[PDB]
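Chemist: Protein chains in written order, with our numbering: chain L, 503 to 609; chain R, 4 to 217; chain S, 442 to 511; chain V, 2 to 61; chain W, 34 to 181; chain H, 933 to 1129; chain B, 368 to 402; chain E, 6 to 448.
Positions of the beta carbon are idealized from the N, C-alpha and C atoms, including for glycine.
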Amino acid sequence: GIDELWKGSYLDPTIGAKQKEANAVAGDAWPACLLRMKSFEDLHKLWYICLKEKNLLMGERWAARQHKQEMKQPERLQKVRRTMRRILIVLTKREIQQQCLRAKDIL
Amino acid sequence: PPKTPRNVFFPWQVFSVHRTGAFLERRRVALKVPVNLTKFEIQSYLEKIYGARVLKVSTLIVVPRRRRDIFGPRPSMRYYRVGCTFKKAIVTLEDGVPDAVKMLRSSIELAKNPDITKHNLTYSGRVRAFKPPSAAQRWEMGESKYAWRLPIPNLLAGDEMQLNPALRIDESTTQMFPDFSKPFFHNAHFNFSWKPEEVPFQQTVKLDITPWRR
Amino acid sequence: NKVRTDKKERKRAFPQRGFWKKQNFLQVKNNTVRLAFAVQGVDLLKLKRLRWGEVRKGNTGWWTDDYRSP
Amino acid sequence: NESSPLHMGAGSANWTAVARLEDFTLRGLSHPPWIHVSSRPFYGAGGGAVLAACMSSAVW
Amino acid sequence: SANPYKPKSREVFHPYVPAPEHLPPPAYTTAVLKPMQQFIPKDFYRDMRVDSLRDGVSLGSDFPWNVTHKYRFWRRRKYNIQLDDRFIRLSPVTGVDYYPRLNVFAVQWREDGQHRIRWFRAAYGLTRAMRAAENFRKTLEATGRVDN
Amino acid sequence: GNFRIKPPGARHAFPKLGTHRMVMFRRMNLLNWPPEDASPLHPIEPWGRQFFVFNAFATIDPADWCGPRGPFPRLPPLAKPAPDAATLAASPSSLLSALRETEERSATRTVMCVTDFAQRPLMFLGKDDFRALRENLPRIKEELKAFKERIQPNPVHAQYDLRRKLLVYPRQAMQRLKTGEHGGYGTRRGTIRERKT
Amino acid sequence: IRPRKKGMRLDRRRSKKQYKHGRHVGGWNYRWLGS
Amino acid sequence: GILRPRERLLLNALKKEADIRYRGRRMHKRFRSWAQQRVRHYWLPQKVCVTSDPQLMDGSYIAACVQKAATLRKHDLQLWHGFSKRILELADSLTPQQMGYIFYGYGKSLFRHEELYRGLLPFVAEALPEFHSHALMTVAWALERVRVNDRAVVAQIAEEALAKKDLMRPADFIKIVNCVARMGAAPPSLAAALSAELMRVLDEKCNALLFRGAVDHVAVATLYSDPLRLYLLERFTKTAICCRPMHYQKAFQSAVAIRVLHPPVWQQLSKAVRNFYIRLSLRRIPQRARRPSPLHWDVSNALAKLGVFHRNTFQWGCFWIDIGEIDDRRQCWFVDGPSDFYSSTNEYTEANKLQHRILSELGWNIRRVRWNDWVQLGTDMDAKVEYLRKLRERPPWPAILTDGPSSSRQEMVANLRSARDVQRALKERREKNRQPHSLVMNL
RNA sequence: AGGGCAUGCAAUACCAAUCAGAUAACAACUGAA
RNA sequence: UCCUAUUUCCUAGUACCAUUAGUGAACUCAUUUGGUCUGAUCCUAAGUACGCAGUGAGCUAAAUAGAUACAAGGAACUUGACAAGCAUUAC
RNA sequence: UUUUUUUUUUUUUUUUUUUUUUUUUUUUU
RNA sequence: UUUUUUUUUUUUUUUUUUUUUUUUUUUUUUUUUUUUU
RNA sequence: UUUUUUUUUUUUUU
């Protein structure tokens, strides 16, 4: 629900500093390599997951901005942006295939 | 920004919580949204993605003020702004929300405590506050002044609540009952706009515009 | 003006003896804030007056220490 | 000398200036001048795949 | 100025408020007020109270207070208080006047078909100046220097 | 207390205009003056003077008293010490709770108090005092009536009247309005004009 | 410009006058791209 | 230019008056709004002609026509009866979609014609498997409005709804439930299953807007179990803001009935919840304008002639009373009618029985007067007075209301027809007495 | 140039008497560019 | 059965934009304490059953700008009656 | 409570703005 | 007399205009064609 | 200076 907006983030008042630091950790962005092997449904779900993570991150970003301080672990945003771009790249190529085919038949 | 199409499969809208320095109600949350979204669209976003219960959505336009580069050893005298134009959204959720998320806190400035001060302050240059009539105050769907003594409510209110208004009168801010015969104010105890029958007859005085005619 | 664009710097050039003090209004405003915190039950004046490293629980001060010889 | 934003905008605005028999060759901060400004420079040692140059002639 | 272009009377006006000449009878008229059969339609009192104040004559015993719903005026209401019915700056003697800017009393009287006005400074005292002006007018009338 | 600690709603439940404005400011200072366990105040008509019966805290015996200290000497109360830090650390209560610990007083001294319009203490009376005062009421009314006869009028009025009767009283001018080009003559005359048919 | 005066004037972009000069930041001799 | 002083004054005063007048108009206008909403996701694309030849019409055509007529409020007997006649002929070639439309139209129009309902029911019963949410909802909704109970078919409808729960709409599901509860055709097992599905539906696919529609006093106390009762009651409190007087009334009624009938469940509620309802009663709830019926007036005249004081119309907390005695307030009368009973029968409705029992519990000496019994008396006043007097000396009705004897369409028709002329002759006689007719002109 | 590339600069002129505007039924109705 | 006819009608959650609700010329201008004072209205007021507002220190020089009180004479002053004065005094 | 929209009344266009994106086979559920 | 307002829209009257049209929201009530008054 | 279901259209008027 609404709680998701701040749950597990630094903004969460029901957890300690160690839990927030443990939660803060993240991995690598999804590459085109992996993103190419997935189907339409998996990419569609991953898009919404990345959007939720971006929405959570933005809050912290703004919070930090308020106090004139740098956000902890700023690379997350970058990671999410790269994954979001790669998904659409994949899809667009998939489409271009068909477009080409069509063109060919008309000619 | 780009217009939203009919069928949205890969939405780009980014939703976030905004920490406001003013006081907010229990069932009210402040969000930061683009300047190109509607009430309905906002409602649906939260209803479908988050699946949160929503009642009302209010929108406001936020524009940063102008600033000038005057300070420093080498000022430029150039104009600028801080932040960006956005839509301040206010969502009236069904459930309650903690204040520690929506409202700011600071110990250095003890005066900055919107959560503690509640609506007692204006947080702006408002010398006089404004408060329209309440639902309960209004005629339609309003609390009755004589319904307390009814038989039906008492049935419900069985050893659970006292409907008698005489048991909830502040003693530190109330005066003793005066005598009708004797002069007295109307506002002392008469919480209405009609003269009680108990009050004796009152005389009327008409101003004399041309007393010299006498 | 906050932007500092009007001709409001002209008068300031000349010397002056004194200026008004809106004590009456300021007092009222302060009182209202004090009241708004008092209804909740927190002392603002006390905290705005206590010595840096001073601890005073409740309504206490110098006077408290008088009778509290032991 | 009164202040009238309506008058100002109805007589001295972007759409009102174009109707003026003036020397438009002069540069204007808050106007639509007709002076050419030479665009983006030549290319050094960057990636050749990411050098932008045209848009209205290429839109598809 | 007392120019022709003014009402002849100085009484409060209560003009008739006629209803539109195409509406049907009100809803409150359908009420059976008989002791045996009783029928109180919806908003009967609401409609009738308003309707009663149409004629303009039947303003009721308490007219100034039967329509002022605002608490602003009610807050100031008092009972069993004696009040005067004459402005302090209004002498009963004809020809006396007071000026706000000049802050002084004046006496108007006609002599030999010519208008003449005298000054009376009220700085020393309002009552003293008022009585002096009244005495001057009375002396004029007694000595017989006012046309008639 | 004259105020409800942590009251409901988002706004004050009492008037904040007129005299009430002053009264709120006056009462906010002292949030604990009126004992929680106190009888309702009873003001008198002529002069604002209220009466109320309450229970006061005990005190240490004078025997065990050190002595007067400061410009306002006062006897110490009778109270027990608060839990120590070692026990509070093991106590399951929170830091907030632990820090907020206070002593414990004994309220077993019933007394009657008289205050002003402002609820300012003035005097304290006990049961024995109150009972004793009742037996001398008839003896005081006669003394008050007898003493009422010794008062005499103020000779100020008579002295002022005699002064003004047998002394000079100069009076100065007022409102000396000037004039422009044309001067005044005590009275003015209007103009006469004819109609245009 | 007043309403009466403005109601009897055309736009500058309605004419060829805008393609009869070479004024630019470089100078007075402008050469169009791809010329 | 310039104006005359005389005219100037008048024009300025007139102008001022205008301002005053305008200020004086928007007083009561509180609930208005410049913005409004119109439903448009139901009209058909194809064009039809209501005034066309019914013979050339088909199922599709007729279906469209029926709904368009209803929407345009073109109430024409001559027009509607032709539709019914053609529908009867084309009954064997109607799609589930078309049938639903037909039903909706009829219901919206309130076209009281049992002959068509009775003929179209059996075909619906056979096509139930191919039915959809919309059709299923419209059938019941129409039926309810027209007050034609069918426990044989209504039950089947419900069962098909339960079978297609995974495909149904929350709104339609809710309305089905409501309809079922009002008609009184759900055995315990069906009721239980309905309740169980309803709770999940409400808690999974319902919002503030959609939840309000689930509130029904008749349904709550006769269909809904305790677990759903408690959840409903608790969620109402939270969802109260986004409500209307129509839902408020229902809520209050629900509360009252629950308190009166089910003390246990009432006590099971929380303090906070209880407080809500407690405070609710104290508020003034708007109500629609009401007036006595012709039957009511006739009964009142007979009663008054008998020599008993009473009232016409008045509210008592949450329930309306037809007649209330002044000498003994405890006493009360109720004037029934054709609508009070199901079509072609004399069986009381669930709402009438619930309101009767609630007042009987609360101690109200309740009496009932039927219309079919009354009509028989004709235009005689002594017979009515004696009729009333014989009733008065008798004890009141029991707590539990019972149904009347059997009836038929034929009888119903006959009665109606008979009454038609009585209501006109009495009006004529009443109206004639008011005319003095004294003045005589010479001419 | 693999992919993407909101909005504004008033645009039927890759054509066609002139005269306002999304470029005007005849006539009234006029002209140094 | 003596009503002018005994003709059902609370209120559909609601697009986009404006707003600091009180005193105060808050507008051009500028030697700009925004808010007190300087003028008519808005409150049946013993000035509204405590409202708004109020800025270093010291000191008998003379001159100048003003206020109050001047013996007798009362235009002898001045180009000119400019200016000043009268219009309050037993209560 | 205003603004928006009809009339007064005007492409007497208030650049980056609108009930204004190609103008109804809309899959009525 | 120095000789003064009316169109959008509302009400009334007169009618063969039209889903470019009022919830598939809700209440009340004796009730309506042709072969039941 | 148009007030609550949207358009077209005719006469009078407080």
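If distances are taken between C-alpha atoms only, which option among V/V38, V/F43, V/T17 comes closest to V/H32?
Modeler: Out of V/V38, V/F43, V/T17, V/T17 has the C-alpha closest to the C-alpha of V/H32.
Chemist: Please state whether DSSP places L/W549 in a helix, a strand or coil.
Modeler: Three-state result, L/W549: helix.
Chemist: Just by C-beta distance, which residues in the region 48 to 78 of chain W are closer than 9 Å to chain H?
Modeler: For the region 48 to 78 of chain W, which is checked against every Cβ of chain H, not one residue is closer than 9 Å.
Chemist: Note down the Cα distance separating E/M204 from E/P134, rounded to an integer number of angstroms.
Modeler: Rounded to whole angstroms, E/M204 to E/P134 spans 25 Å at the Cα level.
Chemist: List, in order along the chain, the chain W residues whose C-beta lies closer than 8 Å to that of R/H189?
Modeler: Those within 8 Å of R/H189 in chain W are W107, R108, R109, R110, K111, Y112.
Chemist: Between E/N420 and chain W, is there a C-beta pair that is closer than 7 Å?
Modeler: No, because no Cβ of chain W sits closer than 7 Å to the Cβ of E/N420.
Chemist: What residue ranges within the region 522 to 585 of chain L form continuous beta strand (DSSP E) runs of no fewer than 3 residues, ordered along the chain?
Modeler: List check, beta strand (DSSP E) in window: nothing returned.
Chemist: Can you check whether the C-beta of W/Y38 is within less than 7 Å of a C-beta belonging to chain E?
Modeler: It does: the Cβ of W/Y38 has a partner Cβ on chain E nearer than 7 Å.
Chemist: In chain order, which continuous runs of the beta strand (DSSP E) of length 3 or greater are located wholly inside the region 1037 to 1075 of chain H?
Modeler: Qualifying beta strand (DSSP E) stretches, in chain order: 1039 to 1048, 1053 to 1057.
Chemist: Buried or exposed for E/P175, please, with buried defined as at least 16 other CB atoms from any protein chain shown within 10 angstroms of its CB.
Modeler: So E/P175 counts as buried.
Chemist: Using the beta-carbon of each residue, which ones in chain R are nearer than 8 Å to S/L491?
Modeler: Simply none; closest approach about 12 Å.
Chemist: Do E/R414 and E/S349 have their beta-carbon atoms positioned less than 7 Å apart in this structure?
Modeler: Their beta carbons are under 7 Å apart, which means E/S349 touches E/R414 by this criterion.
Chemist: Using C-beta distances below 6 Å, list every residue in its chain close to W/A139, excluding the 5 sequence neighbours before and after it, in chain order.
Modeler: Within the same chain, W/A139 has close Cβ partners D130, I150.
Chemist: Quick one: what does DSSP say E/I181 is sitting in, helix, strand or coil?
Modeler: Correct three-state label for E/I181: helix.
Chemist: Are E/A213 and E/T244 close, meaning C-beta to C-beta below 7 Å?
Modeler: Yes. Within cutoff.
Chemist: Which of helix, strand or coil does DSSP assign to E/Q320?
Modeler: Strand, per DSSP.
Chemist: Would you kindly work out how many angstroms separate the C-alpha atoms of R/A132 and H/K948, rounded to a whole number?
Modeler: One C-alpha to the other measures close to 13 Å.
Chemist: Which partner residues does E/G329 have in the DSSP bridge list?
Modeler: DSSP, once it has assigned bridges, lists E/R316, E/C337 as partnering E/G329.
Chemist: Taking only runs that begin and end inside the region 333 to 383 of chain E, name each unbroken beta strand (DSSP E) of 3 or more residues, in chain order.
Modeler: Counting only runs of 3 or more, we get 336 to 340, 370 to 374.
Chemist: Out of E/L148, E/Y347, E/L125, point me to the one whose CA is closest to E/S114's CA.
Modeler: Of E/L148, E/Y347, E/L125, the residue nearest in Cα terms is E/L148.
Chemist: Using the Cα positions of R/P156 and E/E239, report the straight-line distance between them to the nearest angstrom.
Modeler: Their Cα atoms are separated by approximately 20 Å.
Chemist: Tell me which residue opens and which closes the beta strand (DSSP E) that W/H148 is part of.
Modeler: Per DSSP, W/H148 belongs to the beta strand (DSSP E) from 147 to 154.
Chemist: Examine chain H for any beta-carbon lying closer than 7 Å to the beta-carbon of residue 218 of chain R, and answer yes or no.
Modeler: Residue coverage of chain R in this structure runs from 4 to 217, which leaves residue 218 of chain R outside it and unanswerable.
Chemist: Would you list the one or two residues that DSSP bridges to E/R249?
Modeler: Paired residue(s): none; E/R249 is not in a bridge.
Chemist: Under DSSP, the beta strand (DSSP E) around E/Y122 begins and ends at which residues?
Modeler: No beta strand (DSSP E) holds E/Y122; the alpha helix (DSSP H) holding it covers 119 to 132.
Chemist: Just the Cα atoms here: how many angstroms apart are E/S305 and W/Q70?
Modeler: Approximately 8 Å, taken between the alpha carbons.
Chemist: So, at 7 Å on beta carbons, what are the nonlocal neighbours of E/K310 in its own chain, with the 5 sequence-adjacent residues on each side left out?
Modeler: Here the set comprises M386, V390.
Chemist: So the alpha helix (DSSP H) E/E416 belongs to, where does it begin and stop?
Modeler: Per DSSP, E/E416 belongs to the alpha helix (DSSP H) from 414 to 437.
Chemist: Have a look at the DSSP bridge pairing and note the partners of H/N987.
Modeler: Paired residue(s): H/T1042.
Chemist: Looking only at its chain, what residues have a beta carbon closer than 6 Å to the beta carbon of E/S98, apart from the 5 residues adjacent to it on each side?
Modeler: Excluding sequence neighbours, E/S98 sits near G64.
Chemist: Report the residues of the region 462 to 493 of chain S with a CB closer than 7 Å to any CB of chain H, ordered along the chain.
Modeler: Under the 7 Å Cβ criterion, the region 462 to 493 of chain S contributes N472, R475, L476, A479, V480, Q481, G482.
Chemist: Report yes or no: is there a C-beta of chain R within less than 7 Å of the C-beta of E/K170?
Modeler: Chain R, which has no Cβ nearer than 7 Å to the Cβ of E/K170, makes this no.
Chemist: Closer than 7 Å, Cβ to Cβ, to anything on chain R: give me those residues from the region 555 to 582 of chain L, in chain order.
Modeler: Hits within the stretch, in order: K556, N557, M560, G561, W564, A565, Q568.
Chemist: Cα separation between H/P1000 and H/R953?
Modeler: C-alpha separation (whole angstroms): 39 Å.
Chemist: Note down the Cα distance separating E/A388 from E/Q292, rounded to an integer number of angstroms.
Modeler: Cα to Cα, the separation comes out at about 37 Å.
Chemist: Going by other Cβ atoms of all chains shown within 10 Å of its Cβ, with 16 needed for buried, is E/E165 buried or exposed?
Modeler: Buried, because 16 or more other Cβ atoms sit within 10 Å of the Cβ of E/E165.
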